[PDB]
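**Q** What follows is structure-v9.tsv, TSV, N, CA and C atoms and all ligand atoms.
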```
chain	number	residue	atom	x	y	z
L	1	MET	N	27.12	-14.30	-7.47
L	1	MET	CA	26.96	-15.58	-6.72
L	1	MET	C	25.52	-16.10	-6.88
L	2	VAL	N	25.21	-16.51	-8.11
L	2	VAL	CA	23.90	-17.11	-8.49
L	2	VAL	C	23.98	-18.64	-8.39
L	3	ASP	N	25.13	-19.21	-8.06
L	3	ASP	CA	25.33	-20.67	-8.29
L	3	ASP	C	24.42	-21.51	-7.39
L	4	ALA	N	24.05	-21.01	-6.22
L	4	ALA	CA	23.20	-21.79	-5.29
L	4	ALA	C	21.76	-21.91	-5.80
L	5	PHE	N	21.36	-21.10	-6.76
L	5	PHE	CA	20.01	-21.18	-7.32
L	5	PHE	C	19.91	-22.24	-8.41
L	6	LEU	N	21.04	-22.64	-8.98
L	6	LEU	CA	21.01	-23.46	-10.20
L	6	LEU	C	20.50	-24.86	-9.88
L	7	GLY	N	19.72	-25.42	-10.78
L	7	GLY	CA	19.22	-26.77	-10.68
L	7	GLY	C	17.76	-26.86	-11.01
L	8	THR	N	17.21	-28.01	-10.63
L	8	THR	CA	15.83	-28.40	-10.89
L	8	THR	C	15.08	-28.39	-9.57
L	9	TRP	N	13.98	-27.67	-9.56
L	9	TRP	CA	13.20	-27.43	-8.35
L	9	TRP	C	11.75	-27.84	-8.60
L	10	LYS	N	11.08	-28.43	-7.61
L	10	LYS	CA	9.68	-28.86	-7.74
L	10	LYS	C	8.83	-28.18	-6.66
L	11	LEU	N	7.68	-27.67	-7.01
L	11	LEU	CA	6.76	-27.01	-6.07
L	11	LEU	C	6.22	-28.02	-5.04
L	12	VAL	N	6.38	-27.63	-3.78
L	12	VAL	CA	5.85	-28.42	-2.65
L	12	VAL	C	4.84	-27.67	-1.82
L	13	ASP	N	4.75	-26.34	-1.84
L	13	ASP	CA	3.77	-25.57	-1.04
L	13	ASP	C	3.39	-24.28	-1.74
L	14	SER	N	2.13	-23.86	-1.66
L	14	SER	CA	1.71	-22.60	-2.25
L	14	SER	C	0.70	-21.92	-1.32
L	15	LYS	N	0.87	-20.65	-1.07
L	15	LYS	CA	-0.09	-19.86	-0.28
L	15	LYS	C	-0.50	-18.63	-1.07
L	16	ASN	N	-1.78	-18.46	-1.26
L	16	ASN	CA	-2.38	-17.24	-1.81
L	16	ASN	C	-2.12	-17.03	-3.32
L	17	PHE	N	-1.85	-18.12	-4.03
L	17	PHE	CA	-1.64	-17.92	-5.48
L	17	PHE	C	-2.90	-17.49	-6.17
L	18	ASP	N	-4.07	-17.89	-5.68
L	18	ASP	CA	-5.32	-17.45	-6.32
L	18	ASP	C	-5.44	-15.93	-6.18
L	19	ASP	N	-5.07	-15.39	-5.03
L	19	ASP	CA	-5.16	-13.95	-4.69
L	19	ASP	C	-4.24	-13.17	-5.66
L	20	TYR	N	-3.08	-13.73	-5.94
L	20	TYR	CA	-2.12	-13.10	-6.87
L	20	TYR	C	-2.68	-13.15	-8.30
L	21	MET	N	-3.16	-14.28	-8.74
L	21	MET	CA	-3.68	-14.39	-10.09
L	21	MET	C	-4.88	-13.46	-10.23
L	22	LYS	N	-5.75	-13.37	-9.23
L	22	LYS	CA	-6.97	-12.52	-9.36
L	22	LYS	C	-6.51	-11.08	-9.54
L	23	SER	N	-5.49	-10.69	-8.78
L	23	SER	CA	-4.99	-9.29	-8.81
L	23	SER	C	-4.48	-8.94	-10.23
L	24	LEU	N	-3.86	-9.92	-10.91
L	24	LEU	CA	-3.34	-9.76	-12.29
L	24	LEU	C	-4.46	-9.85	-13.32
L	25	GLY	N	-5.67	-10.23	-12.96
L	25	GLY	CA	-6.80	-10.28	-13.91
L	25	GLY	C	-6.93	-11.62	-14.58
L	26	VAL	N	-6.31	-12.65	-14.06
L	26	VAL	CA	-6.42	-14.01	-14.65
L	26	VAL	C	-7.85	-14.53	-14.42
L	27	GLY	N	-8.43	-15.13	-15.43
L	27	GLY	CA	-9.80	-15.63	-15.42
L	27	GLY	C	-9.97	-16.84	-14.56
L	28	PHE	N	-11.20	-17.04	-14.10
L	28	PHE	CA	-11.46	-18.07	-13.08
L	28	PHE	C	-11.04	-19.44	-13.60
L	29	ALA	N	-11.21	-19.72	-14.90
L	29	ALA	CA	-10.99	-21.09	-15.44
L	29	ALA	C	-9.48	-21.39	-15.39
L	30	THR	N	-8.67	-20.40	-15.77
L	30	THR	CA	-7.20	-20.53	-15.71
L	30	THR	C	-6.78	-20.68	-14.24
L	31	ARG	N	-7.38	-19.89	-13.34
L	31	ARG	CA	-7.03	-20.05	-11.89
L	31	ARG	C	-7.30	-21.48	-11.42
L	32	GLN	N	-8.43	-22.05	-11.82
L	32	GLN	CA	-8.70	-23.43	-11.40
L	32	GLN	C	-7.53	-24.35	-11.71
L	33	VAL	N	-7.11	-24.37	-12.96
L	33	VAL	CA	-6.07	-25.31	-13.44
L	33	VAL	C	-4.76	-24.96	-12.72
L	34	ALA	N	-4.45	-23.67	-12.63
L	34	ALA	CA	-3.16	-23.25	-12.07
L	34	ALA	C	-3.11	-23.61	-10.59
L	35	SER	N	-4.25	-23.60	-9.89
L	35	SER	CA	-4.25	-23.92	-8.44
L	35	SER	C	-3.87	-25.40	-8.19
L	36	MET	N	-3.97	-26.26	-9.20
L	36	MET	CA	-3.77	-27.72	-9.02
L	36	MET	C	-2.51	-28.20	-9.72
L	37	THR	N	-1.72	-27.29	-10.25
L	37	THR	CA	-0.50	-27.62	-11.02
L	37	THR	C	0.71	-27.58	-10.07
L	38	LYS	N	1.70	-28.47	-10.22
L	38	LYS	CA	2.94	-28.41	-9.42
L	38	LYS	C	4.06	-28.26	-10.42
L	39	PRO	N	4.44	-27.02	-10.77
L	39	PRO	CA	5.47	-26.84	-11.76
L	39	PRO	C	6.82	-27.34	-11.29
L	40	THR	N	7.66	-27.59	-12.29
L	40	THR	CA	9.11	-27.78	-12.20
L	40	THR	C	9.79	-26.52	-12.70
L	41	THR	N	10.70	-25.93	-11.93
L	41	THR	CA	11.49	-24.78	-12.38
L	41	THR	C	12.92	-25.28	-12.54
L	42	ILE	N	13.51	-24.98	-13.67
L	42	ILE	CA	14.93	-25.30	-13.98
L	42	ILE	C	15.68	-23.99	-14.17
L	43	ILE	N	16.80	-23.84	-13.47
L	43	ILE	CA	17.62	-22.61	-13.58
L	43	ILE	C	19.00	-23.09	-13.99
L	44	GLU	N	19.44	-22.58	-15.11
L	44	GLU	CA	20.73	-22.94	-15.74
L	44	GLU	C	21.52	-21.68	-16.08
L	45	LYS	N	22.83	-21.87	-16.15
L	45	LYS	CA	23.71	-20.75	-16.55
L	45	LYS	C	24.70	-21.23	-17.60
L	46	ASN	N	24.96	-20.27	-18.50
L	46	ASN	CA	26.03	-20.43	-19.53
L	46	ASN	C	26.76	-19.11	-19.57
L	47	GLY	N	27.87	-19.01	-18.87
L	47	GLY	CA	28.51	-17.70	-18.73
L	47	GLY	C	27.60	-16.76	-17.99
L	48	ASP	N	27.42	-15.58	-18.59
L	48	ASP	CA	26.63	-14.46	-18.06
L	48	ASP	C	25.15	-14.69	-18.33
L	49	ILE	N	24.77	-15.73	-19.09
L	49	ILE	CA	23.37	-15.88	-19.53
L	49	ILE	C	22.70	-16.90	-18.60
L	50	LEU	N	21.61	-16.46	-17.98
L	50	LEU	CA	20.79	-17.41	-17.19
L	50	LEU	C	19.57	-17.79	-18.02
L	51	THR	N	19.16	-19.04	-17.86
L	51	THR	CA	17.92	-19.52	-18.46
L	51	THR	C	17.03	-20.05	-17.34
L	52	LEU	N	15.77	-19.64	-17.33
L	52	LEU	CA	14.79	-20.06	-16.32
L	52	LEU	C	13.62	-20.65	-17.06
L	53	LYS	N	13.46	-21.95	-16.89
L	53	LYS	CA	12.35	-22.71	-17.47
L	53	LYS	C	11.32	-23.07	-16.39
L	54	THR	N	10.07	-22.93	-16.71
L	54	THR	CA	8.97	-23.35	-15.83
L	54	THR	C	8.13	-24.32	-16.61
L	55	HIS	N	8.09	-25.59	-16.19
L	55	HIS	CA	7.38	-26.66	-16.92
L	55	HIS	C	6.20	-27.15	-16.11
L	56	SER	N	5.10	-27.40	-16.76
L	56	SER	CA	3.96	-28.01	-16.08
L	56	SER	C	3.07	-28.68	-17.11
L	57	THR	N	2.05	-29.33	-16.63
L	57	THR	CA	1.03	-29.98	-17.48
L	57	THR	C	0.19	-28.89	-18.15
L	58	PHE	N	0.19	-27.66	-17.66
L	58	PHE	CA	-0.75	-26.62	-18.14
L	58	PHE	C	-0.05	-25.69	-19.14
L	59	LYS	N	1.03	-25.07	-18.69
L	59	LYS	CA	1.74	-24.01	-19.43
L	59	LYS	C	3.22	-24.24	-19.23
L	60	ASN	N	4.09	-24.05	-20.29
L	60	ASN	CA	5.56	-24.01	-20.16
L	60	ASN	C	5.99	-22.60	-20.52
L	61	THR	N	6.99	-22.11	-19.81
L	61	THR	CA	7.66	-20.84	-20.15
L	61	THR	C	9.17	-21.04	-20.11
L	62	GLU	N	9.85	-20.18	-20.86
L	62	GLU	CA	11.32	-20.10	-20.84
L	62	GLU	C	11.75	-18.66	-21.06
L	63	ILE	N	12.68	-18.19	-20.28
L	63	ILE	CA	13.32	-16.90	-20.50
L	63	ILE	C	14.81	-17.09	-20.36
L	64	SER	N	15.57	-16.32	-21.13
L	64	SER	CA	17.04	-16.21	-21.00
L	64	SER	C	17.32	-14.72	-20.80
L	65	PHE	N	18.27	-14.45	-19.92
L	65	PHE	CA	18.61	-13.05	-19.59
L	65	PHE	C	20.01	-12.94	-18.99
L	66	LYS	N	20.46	-11.69	-19.02
L	66	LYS	CA	21.66	-11.34	-18.26
L	66	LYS	C	21.19	-10.55	-17.05
L	67	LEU	N	21.87	-10.73	-15.92
L	67	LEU	CA	21.50	-9.95	-14.74
L	67	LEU	C	21.72	-8.48	-15.04
L	68	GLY	N	20.79	-7.64	-14.64
L	68	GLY	CA	20.93	-6.18	-14.72
L	68	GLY	C	20.68	-5.61	-16.09
L	69	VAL	N	20.16	-6.40	-17.02
L	69	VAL	CA	19.89	-5.97	-18.41
L	69	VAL	C	18.41	-6.21	-18.70
L	70	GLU	N	17.71	-5.15	-19.03
L	70	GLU	CA	16.30	-5.23	-19.32
L	70	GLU	C	16.02	-6.17	-20.47
L	71	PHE	N	14.92	-6.87	-20.47
L	71	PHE	CA	14.50	-7.74	-21.54
L	71	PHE	C	13.00	-7.71	-21.69
L	72	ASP	N	12.51	-8.06	-22.86
L	72	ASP	CA	11.09	-8.22	-23.15
L	72	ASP	C	10.70	-9.65	-22.77
L	73	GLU	N	9.55	-9.76	-22.11
L	73	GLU	CA	9.03	-11.07	-21.66
L	73	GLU	C	7.54	-11.14	-21.94
L	74	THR	N	7.11	-12.31	-22.34
L	74	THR	CA	5.69	-12.61	-22.46
L	74	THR	C	5.39	-13.65	-21.38
L	75	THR	N	4.54	-13.29	-20.44
L	75	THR	CA	4.34	-14.12	-19.22
L	75	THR	C	3.37	-15.27	-19.52
L	76	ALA	N	3.22	-16.19	-18.58
L	76	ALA	CA	2.32	-17.37	-18.71
L	76	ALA	C	0.86	-16.95	-18.91
L	77	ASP	N	0.50	-15.80	-18.35
L	77	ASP	CA	-0.86	-15.23	-18.49
L	77	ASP	C	-0.96	-14.23	-19.64
L	78	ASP	N	0.06	-14.17	-20.50
L	78	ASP	CA	-0.02	-13.43	-21.79
L	78	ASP	C	0.10	-11.91	-21.56
L	79	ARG	N	0.84	-11.52	-20.53
L	79	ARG	CA	1.16	-10.08	-20.35
L	79	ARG	C	2.49	-9.83	-21.08
L	80	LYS	N	2.60	-8.71	-21.80
L	80	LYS	CA	3.85	-8.34	-22.46
L	80	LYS	C	4.52	-7.30	-21.57
L	81	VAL	N	5.63	-7.68	-20.96
L	81	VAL	CA	6.23	-6.87	-19.89
L	81	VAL	C	7.68	-6.56	-20.23
L	82	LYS	N	8.21	-5.55	-19.58
L	82	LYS	CA	9.62	-5.19	-19.55
L	82	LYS	C	10.15	-5.71	-18.21
L	83	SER	N	11.17	-6.54	-18.29
L	83	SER	CA	11.67	-7.29	-17.13
L	83	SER	C	13.12	-6.98	-16.84
L	84	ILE	N	13.53	-7.03	-15.60
L	84	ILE	CA	14.93	-6.99	-15.19
L	84	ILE	C	15.12	-7.92	-14.03
L	85	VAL	N	16.18	-8.68	-14.01
L	85	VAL	CA	16.49	-9.61	-12.90
L	85	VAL	C	17.82	-9.17	-12.32
L	86	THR	N	17.88	-8.99	-11.00
L	86	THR	CA	19.11	-8.57	-10.32
L	86	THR	C	19.27	-9.43	-9.07
L	87	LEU	N	20.47	-9.37	-8.51
L	87	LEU	CA	20.82	-10.05	-7.26
L	87	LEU	C	20.89	-8.95	-6.22
L	88	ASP	N	20.12	-9.09	-5.15
L	88	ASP	CA	19.93	-8.05	-4.13
L	88	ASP	C	19.92	-8.76	-2.78
L	89	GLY	N	20.97	-8.63	-1.99
L	89	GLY	CA	20.98	-9.23	-0.67
L	89	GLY	C	20.97	-10.72	-0.78
L	90	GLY	N	21.48	-11.26	-1.86
L	90	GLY	CA	21.58	-12.71	-2.05
L	90	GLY	C	20.29	-13.31	-2.59
L	91	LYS	N	19.31	-12.46	-2.88
L	91	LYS	CA	18.01	-12.86	-3.47
L	91	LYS	C	18.05	-12.59	-4.97
L	92	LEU	N	17.30	-13.39	-5.73
L	92	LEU	CA	17.15	-13.17	-7.16
L	92	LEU	C	15.84	-12.42	-7.35
L	93	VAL	N	15.90	-11.15	-7.72
L	93	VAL	CA	14.73	-10.24	-7.76
L	93	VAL	C	14.36	-10.03	-9.21
L	94	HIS	N	13.20	-10.42	-9.62
L	94	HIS	CA	12.68	-10.30	-10.99
L	94	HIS	C	11.59	-9.25	-10.96
L	95	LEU	N	11.76	-8.09	-11.55
L	95	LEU	CA	10.76	-7.02	-11.65
L	95	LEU	C	10.12	-7.01	-13.02
L	96	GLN	N	8.82	-7.03	-13.16
L	96	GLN	CA	8.08	-6.91	-14.41
L	96	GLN	C	7.30	-5.62	-14.40
L	97	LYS	N	7.36	-4.88	-15.48
L	97	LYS	CA	6.65	-3.61	-15.64
L	97	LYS	C	5.82	-3.61	-16.90
L	98	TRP	N	4.58	-3.16	-16.83
L	98	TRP	CA	3.69	-3.06	-18.01
L	98	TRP	C	2.56	-2.09	-17.67
L	99	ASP	N	2.19	-1.22	-18.58
L	99	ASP	CA	0.98	-0.36	-18.43
L	99	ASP	C	1.02	0.39	-17.09
L	100	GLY	N	2.20	0.80	-16.62
L	100	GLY	CA	2.37	1.61	-15.38
L	100	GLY	C	2.20	0.79	-14.10
L	101	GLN	N	2.04	-0.54	-14.24
L	101	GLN	CA	1.94	-1.51	-13.14
L	101	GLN	C	3.28	-2.21	-12.99
L	102	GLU	N	3.48	-2.85	-11.85
L	102	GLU	CA	4.70	-3.62	-11.51
L	102	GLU	C	4.30	-4.88	-10.76
L	103	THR	N	5.09	-5.91	-10.89
L	103	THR	CA	5.00	-7.04	-10.00
L	103	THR	C	6.41	-7.52	-9.76
L	104	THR	N	6.71	-8.00	-8.57
L	104	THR	CA	8.01	-8.55	-8.24
L	104	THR	C	7.91	-10.03	-7.98
L	105	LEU	N	8.90	-10.79	-8.39
L	105	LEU	CA	9.06	-12.21	-8.14
L	105	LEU	C	10.39	-12.35	-7.48
L	106	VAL	N	10.43	-12.62	-6.18
L	106	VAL	CA	11.67	-12.68	-5.41
L	106	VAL	C	11.95	-14.12	-5.07
L	107	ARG	N	13.14	-14.61	-5.31
L	107	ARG	CA	13.58	-15.94	-4.98
L	107	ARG	C	14.67	-15.87	-3.94
L	108	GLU	N	14.51	-16.63	-2.87
L	108	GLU	CA	15.57	-16.70	-1.84
L	108	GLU	C	15.69	-18.14	-1.38
L	109	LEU	N	16.89	-18.49	-0.95
L	109	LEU	CA	17.21	-19.83	-0.43
L	109	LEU	C	17.18	-19.75	1.10
L	110	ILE	N	16.31	-20.57	1.66
L	110	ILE	CA	16.17	-20.69	3.13
L	110	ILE	C	16.23	-22.17	3.46
L	111	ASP	N	17.20	-22.59	4.27
L	111	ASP	CA	17.26	-23.99	4.74
L	111	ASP	C	17.24	-24.92	3.53
L	112	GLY	N	17.85	-24.53	2.42
L	112	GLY	CA	18.00	-25.40	1.25
L	112	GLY	C	16.78	-25.42	0.36
L	113	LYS	N	15.72	-24.69	0.72
L	113	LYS	CA	14.50	-24.62	-0.10
L	113	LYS	C	14.50	-23.28	-0.80
L	114	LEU	N	13.84	-23.24	-1.96
L	114	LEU	CA	13.73	-22.01	-2.77
L	114	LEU	C	12.34	-21.44	-2.49
L	115	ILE	N	12.32	-20.22	-1.96
L	115	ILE	CA	11.06	-19.54	-1.60
L	115	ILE	C	10.86	-18.44	-2.61
L	116	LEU	N	9.75	-18.54	-3.32
L	116	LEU	CA	9.38	-17.55	-4.31
L	116	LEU	C	8.26	-16.69	-3.74
L	117	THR	N	8.44	-15.39	-3.64
L	117	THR	CA	7.43	-14.47	-3.13
L	117	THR	C	6.95	-13.62	-4.30
L	118	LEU	N	5.67	-13.62	-4.61
L	118	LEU	CA	5.07	-12.89	-5.71
L	118	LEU	C	4.23	-11.77	-5.13
L	119	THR	N	4.45	-10.52	-5.50
L	119	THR	CA	3.68	-9.37	-5.01
L	119	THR	C	3.07	-8.61	-6.18
L	120	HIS	N	1.79	-8.33	-6.14
L	120	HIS	CA	1.14	-7.39	-7.05
L	120	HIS	C	0.04	-6.68	-6.26
L	121	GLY	N	-0.03	-5.38	-6.33
L	121	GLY	CA	-1.06	-4.67	-5.60
L	121	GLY	C	-0.93	-4.97	-4.13
L	122	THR	N	-1.99	-5.47	-3.50
L	122	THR	CA	-1.94	-5.85	-2.08
L	122	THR	C	-1.78	-7.34	-1.92
L	123	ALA	N	-1.69	-8.10	-2.99
L	123	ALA	CA	-1.61	-9.57	-2.97
L	123	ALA	C	-0.17	-10.01	-2.79
L	124	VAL	N	0.05	-10.94	-1.88
L	124	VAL	CA	1.37	-11.55	-1.64
L	124	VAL	C	1.19	-13.03	-1.60
L	125	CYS	N	1.88	-13.75	-2.46
L	125	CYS	CA	1.86	-15.20	-2.59
L	125	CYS	C	3.21	-15.74	-2.26
L	126	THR	N	3.27	-16.88	-1.59
L	126	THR	CA	4.53	-17.53	-1.25
L	126	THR	C	4.46	-18.91	-1.85
L	127	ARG	N	5.50	-19.30	-2.58
L	127	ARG	CA	5.60	-20.64	-3.15
L	127	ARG	C	6.90	-21.26	-2.76
L	128	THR	N	6.85	-22.49	-2.37
L	128	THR	CA	8.03	-23.15	-1.85
L	128	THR	C	8.38	-24.31	-2.79
L	129	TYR	N	9.65	-24.27	-3.21
L	129	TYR	CA	10.22	-25.31	-4.09
L	129	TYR	C	11.34	-26.08	-3.37
L	130	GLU	N	11.41	-27.35	-3.71
L	130	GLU	CA	12.43	-28.26	-3.17
L	130	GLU	C	13.31	-28.75	-4.30
L	131	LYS	N	14.58	-28.93	-4.03
L	131	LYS	CA	15.57	-29.33	-5.03
L	131	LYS	C	15.37	-30.79	-5.43
L	132	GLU	N	15.27	-31.05	-6.72
L	132	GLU	CA	15.37	-32.42	-7.31
L	132	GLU	C	16.83	-32.72	-7.74
L	133	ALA	N	17.30	-33.91	-7.37
L	133	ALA	CA	18.67	-34.48	-7.44
L	133	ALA	C	18.98	-34.93	-8.86
O	201	LIG	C1	-1.27	-18.54	-15.00
O	201	LIG	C2	-0.90	-17.43	-14.01
O	201	LIG	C3	0.54	-17.04	-14.18
O	201	LIG	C4	1.01	-15.99	-13.19
O	201	LIG	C5	2.44	-15.58	-13.41
O	201	LIG	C6	3.55	-16.62	-13.24
O	201	LIG	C7	3.64	-17.14	-11.84
O	201	LIG	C8	4.79	-18.10	-11.61
O	201	LIG	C9	4.61	-19.05	-10.50
O	201	LIG	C10	5.72	-20.01	-10.24
O	201	LIG	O1	6.77	-19.97	-10.92
O	201	LIG	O2	5.59	-20.89	-9.38
```
Please rewrite the model in this file as structure tokens.
Ligand SMILES: CCCCCCCCCC(=O)O

**A**
Amino acid sequence: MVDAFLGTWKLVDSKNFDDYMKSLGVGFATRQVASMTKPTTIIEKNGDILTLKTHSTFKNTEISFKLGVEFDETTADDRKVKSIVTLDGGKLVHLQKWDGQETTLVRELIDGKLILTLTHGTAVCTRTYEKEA
């Protein structure tokens, strides 16, 4: 039951993204630009294959995956990670692993908004997306 996630979403609120980027080792100049960007996230499905696009004026990313199947991913900050996306309690949980480190990207629907929670180390960032029609 991934169907409620599908569509086009626009960032409307961000808390502590600088704290998350610093924890990942992102350089101050990239943090500047990223702090002022309002990405568009598009989530599409074709059968068992999900595609997640993140578009912005700064960086674009795209991944395609099947739920529960590991994949190789190159992140926006140029980390080469082993990724798995699963559905857990109605949340879309994206785990990235590299160099014995982990970060989670959890997406949940609350009151029709998409809440993305990013955790690395002690850093927790919350990003709120709203559906575009
Ligand atoms: C340039 C820093 C990149 C950090 C990793 C990707 C974070 C995604 C944020 C989002 O989709 O809203």

**Q** Output, as JSON, the centre and edge lengths in Å (one decimal) of the axis-aligned box that contains all listed atoms of stretch 75-94 of chain L with 3 Å of margin on each side.

**A**
```
{"center_x": 10.3, "center_y": -11.3, "center_z": -11.6, "size_x": 28.5, "size_y": 18.2, "size_z": 27.8}
```

**Q** Between L:35, L:73, L:6, L:109, which residue has the minimum interatomic distance to residue L:19, considering only C-alpha atoms?

**A**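 Checking each of L:35, L:73, L:6, L:109 against residue L:19, counting only C-alpha atoms, the winner is L:35.
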
**Q** Could you pull out all residues of stretch 53-83 of chain L with a DSSP call of strand (DSSP E or B) and give them as a PyMOL selection string?

**A** chain L and resi 53-55+61-66+71-74+80-83

**Q** With only N, CA and C atoms as the counted atoms, please give the residues lying no more than 6.5 Å from residue L:102, apart from itself and same-chain residues fewer than 2 positions off, as a list in words.

**A**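 Listed by chain and then number, they are residues 96, 97, 98, 100, 104, 119, 120 and 121 of chain L.
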
**Q** Quick check, in Å to one decimal: how far apart do atom N of residue L:17 and atom C of residue L:68 lie?

**A**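 Atom-to-atom, atom N of residue L:17 and atom C of residue L:68 are spaced 28.5 Å apart.
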
**Q** Which residues are near ligand LIG 201 (chain O) in this structure, taking near to mean any atom at most 6.5 Å from a ligand atom and counting all atoms listed in the file? Format them as a list in words.

**A**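 Those within range of ligand LIG 201 (chain O) are residues 21, 30, 31, 34, 39, 54, 75, 76, 77 and 127 of chain L.
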
**Q** Nearest to residue L:59: which of L:45, L:38, L:113, L:82 is it, counting only C-alpha atoms?

**A**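 Comparing L:45, L:38, L:113, L:82 against residue L:59, the winner is L:38.
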
**Q** Please compute the atom CA of residue L:8-atom CA of residue L:42 distance, one decimal, in Å.

**A**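 Pair atom CA of residue L:8 / atom CA of residue L:42 returns 4.5 Å.
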
**Q** Taking only C-alpha atoms into account, name the residue in L:107, L:22, L:66, L:15 that is nearest to residue L:46.

**A**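 Result for the nearest residue to residue L:46: L:66.
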
**Q** Just how far from atom C of residue L:20 is atom C of residue L:94, in Å to one decimal?

**A**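 Straight-line distance from atom C of residue L:94 to atom C of residue L:20 works out to 15.0 Å.
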
**Q** Enumerate the residues of chain L with a DSSP assignment of helix (DSSP H, G or I), computed from the backbone, and present them as a PyMOL selection string.

**A** chain L and resi 3-5+17-24+28-35

**Q** Tell me which protein, DNA and RNA residues are within 6 Å of residue L:129, counting all atoms listed in the file, leaving out same-chain ones fewer than 2 positions away, and put them as a PDB file with N, CA and C atoms, in the frame of the given file.

**A**
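Saved file around05.pdb follows:
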```
ATOM      1  N   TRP L   9      13.980 -27.670  -9.560  1.00  0.00           N
ATOM      2  CA  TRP L   9      13.200 -27.430  -8.350  1.00  0.00           C
ATOM      3  C   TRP L   9      11.750 -27.840  -8.600  1.00  0.00           C
ATOM      4  N   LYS L  10      11.080 -28.430  -7.610  1.00  0.00           N
ATOM      5  CA  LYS L  10       9.680 -28.860  -7.740  1.00  0.00           C
ATOM      6  C   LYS L  10       8.830 -28.180  -6.660  1.00  0.00           C
ATOM      7  N   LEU L  11       7.680 -27.670  -7.010  1.00  0.00           N
ATOM      8  CA  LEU L  11       6.760 -27.010  -6.070  1.00  0.00           C
ATOM      9  C   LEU L  11       6.220 -28.020  -5.040  1.00  0.00           C
ATOM     10  N   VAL L  12       6.380 -27.630  -3.780  1.00  0.00           N
ATOM     11  CA  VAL L  12       5.850 -28.420  -2.650  1.00  0.00           C
ATOM     12  C   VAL L  12       4.840 -27.670  -1.820  1.00  0.00           C
ATOM     13  N   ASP L  13       4.750 -26.340  -1.840  1.00  0.00           N
ATOM     14  CA  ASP L  13       3.770 -25.570  -1.040  1.00  0.00           C
ATOM     15  C   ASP L  13       3.390 -24.280  -1.740  1.00  0.00           C
ATOM     16  N   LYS L 113      15.720 -24.690   0.720  1.00  0.00           N
ATOM     17  CA  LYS L 113      14.500 -24.620  -0.100  1.00  0.00           C
ATOM     18  C   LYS L 113      14.500 -23.280  -0.800  1.00  0.00           C
ATOM     19  N   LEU L 114      13.840 -23.240  -1.960  1.00  0.00           N
ATOM     20  CA  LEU L 114      13.730 -22.010  -2.770  1.00  0.00           C
ATOM     21  C   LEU L 114      12.340 -21.440  -2.490  1.00  0.00           C
ATOM     22  N   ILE L 115      12.320 -20.220  -1.960  1.00  0.00           N
ATOM     23  CA  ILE L 115      11.060 -19.540  -1.600  1.00  0.00           C
ATOM     24  C   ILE L 115      10.860 -18.440  -2.610  1.00  0.00           C
ATOM     25  N   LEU L 116       9.750 -18.540  -3.320  1.00  0.00           N
ATOM     26  CA  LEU L 116       9.380 -17.550  -4.310  1.00  0.00           C
ATOM     27  C   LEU L 116       8.260 -16.690  -3.740  1.00  0.00           C
ATOM     28  N   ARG L 127       5.500 -19.300  -2.580  1.00  0.00           N
ATOM     29  CA  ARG L 127       5.600 -20.640  -3.150  1.00  0.00           C
ATOM     30  C   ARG L 127       6.900 -21.260  -2.760  1.00  0.00           C
ATOM     31  N   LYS L 131      14.580 -28.930  -4.030  1.00  0.00           N
ATOM     32  CA  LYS L 131      15.570 -29.330  -5.030  1.00  0.00           C
ATOM     33  C   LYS L 131      15.370 -30.790  -5.430  1.00  0.00           C
TER      34      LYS L 131
END
```
